[PDB]
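Summary of the model geometry
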Amino acid sequence: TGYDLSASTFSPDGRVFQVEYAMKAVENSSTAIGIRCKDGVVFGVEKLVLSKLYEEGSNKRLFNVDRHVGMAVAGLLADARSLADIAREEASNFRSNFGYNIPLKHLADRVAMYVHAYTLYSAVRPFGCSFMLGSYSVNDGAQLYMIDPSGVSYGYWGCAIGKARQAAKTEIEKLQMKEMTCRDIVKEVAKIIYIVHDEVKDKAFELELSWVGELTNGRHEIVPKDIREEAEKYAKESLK
Amino acid sequence: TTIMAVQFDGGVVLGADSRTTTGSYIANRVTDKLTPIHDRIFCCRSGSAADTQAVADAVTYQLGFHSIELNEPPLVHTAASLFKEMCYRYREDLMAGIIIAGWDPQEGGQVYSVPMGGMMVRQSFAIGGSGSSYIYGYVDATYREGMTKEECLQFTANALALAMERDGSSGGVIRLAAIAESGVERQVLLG
Amino acid sequence: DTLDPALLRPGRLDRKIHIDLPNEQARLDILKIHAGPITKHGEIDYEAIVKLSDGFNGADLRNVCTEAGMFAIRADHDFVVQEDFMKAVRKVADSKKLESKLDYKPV
Amino acid sequence: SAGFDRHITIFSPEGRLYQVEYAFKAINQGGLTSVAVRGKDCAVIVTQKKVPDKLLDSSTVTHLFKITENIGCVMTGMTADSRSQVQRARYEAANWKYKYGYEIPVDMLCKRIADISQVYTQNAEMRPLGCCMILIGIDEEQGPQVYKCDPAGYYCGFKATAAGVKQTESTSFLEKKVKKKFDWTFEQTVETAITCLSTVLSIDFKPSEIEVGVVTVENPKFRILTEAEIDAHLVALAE
Amino acid sequence: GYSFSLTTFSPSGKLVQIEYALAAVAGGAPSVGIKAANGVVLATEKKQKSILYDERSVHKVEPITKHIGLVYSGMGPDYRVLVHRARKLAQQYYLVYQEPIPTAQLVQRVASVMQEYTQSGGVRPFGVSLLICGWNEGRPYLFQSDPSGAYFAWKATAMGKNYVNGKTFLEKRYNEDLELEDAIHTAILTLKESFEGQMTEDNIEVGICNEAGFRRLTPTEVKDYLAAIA
Amino acid sequence: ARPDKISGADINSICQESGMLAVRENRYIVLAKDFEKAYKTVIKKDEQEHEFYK
Amino acid sequence: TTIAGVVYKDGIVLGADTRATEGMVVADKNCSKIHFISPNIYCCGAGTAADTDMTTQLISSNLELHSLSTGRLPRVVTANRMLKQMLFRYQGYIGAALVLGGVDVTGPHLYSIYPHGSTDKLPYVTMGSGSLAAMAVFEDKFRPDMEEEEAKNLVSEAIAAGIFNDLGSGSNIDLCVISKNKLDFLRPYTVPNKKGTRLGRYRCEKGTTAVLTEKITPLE
Ligand SMILES: Nc1ncnc2c1ncn2[C@@H]1O[C@H](COP(=O)(O)OP(=O)(O)OP(O)(O)=S)[C@@H](O)[C@H]1O
């Protein structure tokens, strides 16, 4: 209510309304959650078909930045694509300059500085994205981070990005998260996404699940979800 | 001149002569030929002097900044990669015989070698310097796999002793460095 | 917003005073007096409503009591269960968040 | 007044500018408190954490940022400005170490950070990084130091130091507390830090919420405390 | 609602954003500086806000070379910037000519810099008025500059709060011919005319300029001198 | 004998400040307490806000 | 040109010889080769004179700037790092054979710089053209922790041997002593070589030269 025009100006009470408006820009986007286990990180995105015009296999928000790192973006899609390319470039610089895999803390800090640099000046707008970052390493374990539109980047066990941000983490936290391997966590994420919004406002959605950990031996890829088909034979048992 | 690096089970052991010469005149009789970069990583140099000093300072810069940003102790292979990039990028002007060694928490003691070209290799032992050909003659004779610390110290003592005795540029006094998980133990021997 | 400096002189406003929101234990106070005319079991978690809601208003706790009473009217119960209080936490503390310019002090 | 709607950084009539004095409470939107104390050959930082979530971690919520091997710091205000300010501080300390051959004193670092903030302030079309920075460090022939850096670029540095949300009250306690001429035997320092935050906020809580950073002229390395010894000091000051 | 910004003249008057910077200077901390027969005395007024602050960290009286003193009345964050500029600039002169720069040449070049920031149109002026002095070639000098790029030459002047009142005391009290100690006495007199009630060895901060060079006095000699100097 | 200039309205505010500040303690006259309390309440510390740019 | 450096029990004694030859002809009998850097650090130069001069004035300016910016006494290692970085940045094009000496808080520190950028910390160095004779005198008669007059006599002996060997100087060997408190600088230390007195008055007279065109121009 101002004074809301530039991303450089302050308010009479001291905050930037551009950054706030960009934070609640991602609020309208699709619900995307993530959670780690004791030997891996599992992603899951509530993805919706528009009506009947899609192809079930386009524009997947589960990206794949490095050999062991991928994104779980939510928000404006093309801006997230550009940010994913920036992250690929940064992992490229690290691999080219030091000869080994990027630690996830340093990658997240560089990306947070990049997002902050787009929040600073007045020529540019803040990003309209909020994404997840997972990894796994034999000397480091599982690490799950989280980047807001402003650039505040710190770590979680579980998170959620979308409409049901509260309404997922209400029952994310009742998971016994440490003592489970991720092969349980697959159907756990399946049941969590399947709980929120079956048919009420929209018609149909579709599930994607990314998957990194020790079971992939340090690789990051989408699950063979058709293999073991663990959502639906349990999703139909989750309505009662 | 003649520099040497030997690893063992616990850690690594380095060594050098001193005798910085120019032509046939000795400019300096005693020299720290090996250089600290991190608290667990050394490098010992040969070739031209100013080149290796400036390269070692810039590597100290980049590695210290990087290792503070990681908030973790650095790797040895990282520093070897830094020397590889900076050596290879200006191979046209530098003459570096940089040998990287050092103990690491994840990987123990390691020895990497970067000669004048800019290639990088991991070795179990290394020579270096213009008067290194001779102990390179018998370093594949006296070496035994799985030495102790004292065997490595005696080994490099005999090595640098014979290299200093024979080569004209080499000589002076023997400086040693022992890098392990515990600490860095330097001493100055003669014999 | 617009007030006199001569209003602010000693002699007409010789003493003035400030009030905090609660200190989170005055939250407990306003809740334990707002936990008044409510049929219950005596199991109403005051710490959960104190820490989980952030209204900083006796009128907000009034709305909490009102909508928790409506959610005992809903599902047909005489008693307002602690989960009706948390339904009040959710709905009331979200409709509470439809406000901007949450600050006021003259001069 | 204004009037001028303070949109850019110009001079208003009578006679101030309003951008920086709006930036001074961008610290106050952080919801956070910091206290620094220098009594003797040690120096103590104390700062709490506001973690409402059990899903959120606890290690990466640390505000104490080890800048170099002998210099720690703490940040308040918004987090992005703070972290960018921290990487600039690290970068410039490394630039000192490259250019001048020895470890940077904590004074020149505060001067350089303030000057960067002034350049961000003097020329427009960049936000002036609305975060406040408190530094600590040990110097030879001077003992310990405690400094404060402003978002405006106004550094100063002194014995008992506090910034955040509630530090008019903290400086009221530090005037009412650093007036008696006793020595500060390092647990007096830890006790006065814990109890000054415990009297300003009046919470008297677990050892798992505050973060304690110390540096001492016995180990000039910057040092972050563990839950056990924080608990030991907290019940050691419990009378 | 005009002027706005720095690129255009008023309908008849002047450059309002320079006028406001001069007003912001006049709203600053007081100072006084006096040219005597043999030396120049500078004196400022440095109050800590609380009892917590240290008086050994920030310094108002500041040398630019070994024989050139310089104080201000304004904002330190700009003061240090143009101090650094004057440092680097004076050392460039001493590189070129192998000779210590004259104070008039300092004031020329610093005025050129300040003028260049008063030039259009995105940067604001300094909110700092200087008082430059030095003992070049026997005769000592005293030079006031301003945010607008202009400069002057004084026998004694003041800047900050109540500079008018301090100036009416300077016109009455001071004269042309004194020595440095009497200059310090009348300087602490005119600062004590206008400063706060607690004036100690730390609230003021005094540097002099002998012909033997610049000298920044210590709290030892300040406490010895201001131990009820009158 | 003090400087730190205090005007007539400010003087009368100090006197009434101190008188009320002792009578609210149920006293007869100030025993020099509330005069110095009126100083260290009334001055009233040059504002707070801002101690930058002076 | 034969400059030398040494470390006695407290500080550094520097010496120099001031014959600035340009090729094969003695062009100077008094050339200050001991240069100013700071109130505690000095420097000597060898080889190309103007390169050493311009470089030492630049580095002295930069250290004056840094020291006045800091507010305390400079460090020698900073001077060393600036010099080696500059001389390596010129890739050895600039020939500047430098001896760097000063006393910090840590104490006395002596550095010799070879003009590509190779530097060494030593208790004693010799640089220049006739440096070998002074290094002979040093290697013969050095002992650790000398006293003051002992070190002065030694450095004088070394530069004297450099002068009795070739390309020394006619000059009266210059010395300079840096301590923790007392800085000294002594140009006419010892004059061994008095010039022989002239044997005839080969003075011209008032008119022995034909003049073609005169001019007088008055002044103020
Ligand atoms: N000479 C004096 N001696 C004693 N008390 C004085 C003296 N002058 C002023 N005062 C006090 O200060 C007050 C001055 O009158 P005010 O009401 O302050 O005038 P004012 O209208 O408020 O100010 P303005 O400029 O007219 S709006 C008096 O009522 C006294 O309390």
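Residues numbered from 1 in each chain as written, not as in the entry; some residues may be left out. Chains lettered and ligands numbered in written order. Part of a larger assembly, values for the part shown. Heavy atoms only, no water. Residues with missing side-chain atoms left out of burial classes, pairs and counts.

The deposited coordinates, according to the entry record, derive from cryo-EM at 4.2 Å resolution.

Residue and element names in this part refer to chain F. The environment of the ligand is made up of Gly8, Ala9 and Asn12. For the ligand, an oxygen atom lies 3.2 Å from a polar atom in the backbone of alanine 9. Within the side chain of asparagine 12, a nitrogen or oxygen atom sits 3.1 Å from an oxygen atom of the ligand. Surface burial for the ligand is 17%, taken as the share of its 640 Å² of free accessible area covered by protein chains. (Near = heavy atom within 4 Å. Polar contact = N/O pair within 3.5 Å; in protein donor to acceptor, adjacent residues only side chain to side chain. Areas by Shrake-Rupley, 256 points an atom, 1.4 Å probe, with all protein chains shown as cover.)

Next up on the list: the state of the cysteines. Residues and elements named next belong to chain A. Under the counting rule described, the total for this entry stands at one disulfide over all chains. Across the disulfide from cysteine 37 sits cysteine 182; the S-S distance is 2.0 Å. Linking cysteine 37 and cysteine 182, the disulfide has an S-S dihedral of approximately -110 degrees and is accordingly described as left-handed. Residue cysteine 37 is found in strand 1 (residues 32-37), and its partner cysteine 182 is found in helix 5 (residues 182-195); the two are separated by 145 residues along the sequence. (Disulfide = S-S within 2.5 Å. Helix = DSSP H or I, 4+ residues; strand = E, 2+ residues; numbered from the N terminus.)

Attention now goes to the interface of chain D and chain A. Many structure descriptions define interface size as the accessible area lost when the parts assemble. Across the boundary between the two partners, chain D contributes 25 residues, which contact 31 residues of chain A. Listing elements by their share of the side of chain D that touches chain A, those giving two or more residues are helix 1 (20-23) and helix 2 (79-100) of chain D. In terms of residue count, helix 2 of chain D provides more of the side of chain D that touches chain A than any other element does, six residues in total. Class assignment for the residues of the side of chain D that touches chain A results in eight nonpolar, seven polar and 10 charged. (Contact = heavy atoms within 4.5 Å. Nonpolar A, V, L, I, M, F, W, Y, C, P; charged D, E, K, R; others polar.)

At the junction of the two partners, chain F supplies four residues and chain D supplies six residues. Buried area between chain F and chain D, summed over both chains or domains, comes out near 540 Å², and the portion from carbon and sulfur atoms is 70%. When the buried surface of chain F facing chain D is broken down by residue, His50, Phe52 and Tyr53 of chain F rank first, second and third, together holding 78% of it. The tally of links between chain F and chain D comes to zero salt bridges. Here chain F and chain D share one residue pair in polar contact between them. (Buried area = accessible area lost by both parts, 1.4 Å probe. Salt bridge = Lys/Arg side-chain N within 4 Å of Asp/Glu carboxyl O.)

Residues and elements named next belong to chain G. Taken together, the side chains of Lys29, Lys195, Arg198, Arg201 and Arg203 define a basic patch exposed on the protein surface. Position of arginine 203 among the secondary structure elements: in the segment after strand 12 (183-186). Owing to a relative accessible area of 61%, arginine 203 belongs among the exposed residues under this scheme. (Patch = residues over 30% accessible without salt bridge, like charges linked within 9 Å, V, L, I, M, F, W, Y side chains within 5 Å. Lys, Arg positive; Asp, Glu negative; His and termini not counted. Charge placed at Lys NZ, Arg CZ, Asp CG, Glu CD. Buried < 20%, exposed > 50% of the residue type's maximum accessible area, 1.4 Å probe, protein only.)

A cluster of nonpolar side chains, contributed by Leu3, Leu7, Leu8 and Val107 of chain C, occupies part of the molecular surface with about 340 Å² of accessible area. Looking at the secondary structure, you find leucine 3 of chain C in the segment before helix 1 (26-34).

Most contacts, compared over the 12 pairs of chains touching, are made between chains A and D. These two, chain B and chain E, are apart from each other, with no contact and a minimum C-alpha gap of 27 Å. No interface is formed between chain A and chain G, the nearest pair of C-alpha atoms being 24 Å apart.

Okay, the packing of helix 1 (residues 49-70) of chain B against helix 2 (residues 76-89) of chain B next. In helix packing, the relevant descriptors are the interaxial angle and the interaxial distance, both defined with respect to the helix axes. Residue and element names in this part refer to chain B. Across the interface, helix 1 lies against helix 2 with an axial gap of 10 Å and an inter-helix angle of 130 degrees. The orientation of helix 1 with respect to helix 2, classified from their angle, is oblique. Considering the relative orientation of helix 1 and helix 2, their crossing is right-handed. Counted together, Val55, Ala56, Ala58, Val59, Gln62 and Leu63 of helix 1 and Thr78, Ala79, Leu82, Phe83 and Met86 of helix 2 form the full contact between these two elements. When its residues are assigned to classes, the contact of helix 1 with helix 2 shows nine nonpolar, two polar and no charged. (Axes fitted to C-alpha atoms, helices over the stretch in contact; angles between N-to-C directions. Parallel < 35°, antiparallel > 145°, perpendicular 65-115°, else oblique. Left-handed = near helix turned anticlockwise from the far one by under 90°.)

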